[PDB]
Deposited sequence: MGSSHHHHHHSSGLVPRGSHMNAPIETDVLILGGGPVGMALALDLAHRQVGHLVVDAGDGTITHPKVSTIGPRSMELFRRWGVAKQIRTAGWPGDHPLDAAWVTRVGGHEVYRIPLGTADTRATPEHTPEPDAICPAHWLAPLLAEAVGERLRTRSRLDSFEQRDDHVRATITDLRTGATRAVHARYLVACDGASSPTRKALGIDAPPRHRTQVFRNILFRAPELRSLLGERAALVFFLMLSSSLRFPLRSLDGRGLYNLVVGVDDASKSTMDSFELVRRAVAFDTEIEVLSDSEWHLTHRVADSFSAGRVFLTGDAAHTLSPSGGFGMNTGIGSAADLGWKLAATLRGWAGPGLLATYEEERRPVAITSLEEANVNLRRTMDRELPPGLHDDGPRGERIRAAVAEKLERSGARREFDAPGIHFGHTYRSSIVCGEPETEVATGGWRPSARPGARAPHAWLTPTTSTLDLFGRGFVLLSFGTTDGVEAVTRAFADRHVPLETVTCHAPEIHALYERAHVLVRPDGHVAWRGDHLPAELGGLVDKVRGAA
């Protein structure tokens, strides 16, 4: 019977993210996955900027960026009648090599299709990953969990003893079901096909017209994205199952007489499900097992990676012994509302496409179809089409309102686009300490107290943390620009990079503050 602190069920992006977070917190763990880490049908390709900030923390951001996506491939989204047909609307998004690094983050989004990401993540996790292994059954005990690890090549079964079991086993989570936890549908389930294909000369023919993603505007079945996966000949076409031959569907979508090789054609379900509970005893749900949503926006894998990072520090805190008895409970308390609002935002992007009218005369050339296209273009812009491709709020703007956060007033009524804020509950904002060091590079270990222009009360804060063995680092900053951004003289940041408390003056009961933020109050 082999034993580990945490047993991770699932070796997809989410499970691997949790493994990386545990390794960087020196927590003993183990990943088991039914597969080798070779994706035959790559699904996801876009990694959001918050996820990249986390990959930067874990030291794999650089290798993700240099993994093979061409620096000169356009990142645009465009709506067209057919690929190589008439163009209706385009959002220019530059290239990797030419776009300006954004002011609010050191890590812009990245393209890394699953068949590059999987081996790259397998490499950084090392031998703690266990491939071709399935979990057949588990049993909860008082101080640990016991599970059955059956080798898929061999057929034989083994036993693992872990303090905690974390289920990252996808949208049809067998773990979730065996716990009796429901995940009701919040919107209609839809059926689509994914056609993966090679088209080696397509990029050359498109030339200036190339895009990261095309939205087709052909028929009721072909109104969905066709995306360039590796920028080197690999593409995926999304086809709706309303109630045709694979090659023929691609031919309809692409108005070039060019080489096309269909690799696979697989059906998938678009679902909107969030679990009623994210844990039961020592068993935790994360990733799709906890929450699935519409990929329209690319929020799904990023929400999972963010949840993995949240669960990660709390598990570590509990195993170290400085956590309060209620800390683990805040995982569901904080992350579940995040899944819900992300789901609903993803569904808005989806409905924009589903409700969009495809008027007659759209495909006809000349002056009349040219006018019709120009009219639709105007309606596309007014519908907020670019929000699907520029959504800082969904990536950076979630604000925790929980029992371990010393929250401020304000309601939830937006007044402008998202803007960086150091308010309690929120992601502490990026700024350049030096040209090489971000404020983000201070976070990710224990708690951090950022003080501007002073060290008053700091010795007291340190003692209060030490008396409960809670890890704390204190940093003094003298940049007025950074002080203005954070708006307060003292800012207390959590192990996950979110603010727990801020103020011009430290509280009188520093012990009460400590117990509060560790989940003991």
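In sequence order, the gaps in C-alpha coverage of the deposited chain fall at 1 to 23, 267 to 271.
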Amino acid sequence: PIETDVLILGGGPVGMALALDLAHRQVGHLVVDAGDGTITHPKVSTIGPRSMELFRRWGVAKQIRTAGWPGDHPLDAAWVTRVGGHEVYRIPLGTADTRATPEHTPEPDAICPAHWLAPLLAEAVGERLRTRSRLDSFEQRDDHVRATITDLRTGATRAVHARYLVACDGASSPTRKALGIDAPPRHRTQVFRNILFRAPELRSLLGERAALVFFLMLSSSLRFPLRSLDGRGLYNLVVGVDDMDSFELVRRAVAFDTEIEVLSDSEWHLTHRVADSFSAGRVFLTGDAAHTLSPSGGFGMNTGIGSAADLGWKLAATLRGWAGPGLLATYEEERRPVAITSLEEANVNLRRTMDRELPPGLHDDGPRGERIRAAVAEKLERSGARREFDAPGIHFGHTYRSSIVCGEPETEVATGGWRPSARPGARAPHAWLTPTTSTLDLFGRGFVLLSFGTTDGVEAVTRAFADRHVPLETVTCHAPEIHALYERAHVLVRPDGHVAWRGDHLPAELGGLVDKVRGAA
From here on, numbers count along this sequence of modelled residues.
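Averaged over their C-alpha atoms, the temperature factors of 200 to 208 and 170 to 178 are higher for 170 to 178. Two stretches are in play, 375 to 383 and 267 to 275, and the higher mean C-alpha B-factor belongs to 375 to 383. For the set 138, 214, 396, 400, the maximum C-alpha B-factor listed in the entry falls on 138. Considering 220, 437, 341, 105 together, the PDB entry gives 220 the largest C-alpha B factor. Residue 18: CA B factor in the lowest third of modelled residues in this chain (values from the PDB entry).
When the CA B factors of the chain's modelled residues are split into thirds, the value for residue 314 lands in the lowest one. Among the modelled residues of its chain, residue 481 has a C-alpha B-factor that falls in the middle third, as given in the PDB entry. The entry lists a Cα temperature factor for residue 156 that places it in the highest third of the chain's modelled residues. Among all modelled residues in its chain, residue 430 ranks in the lowest third by Cα B-factor.
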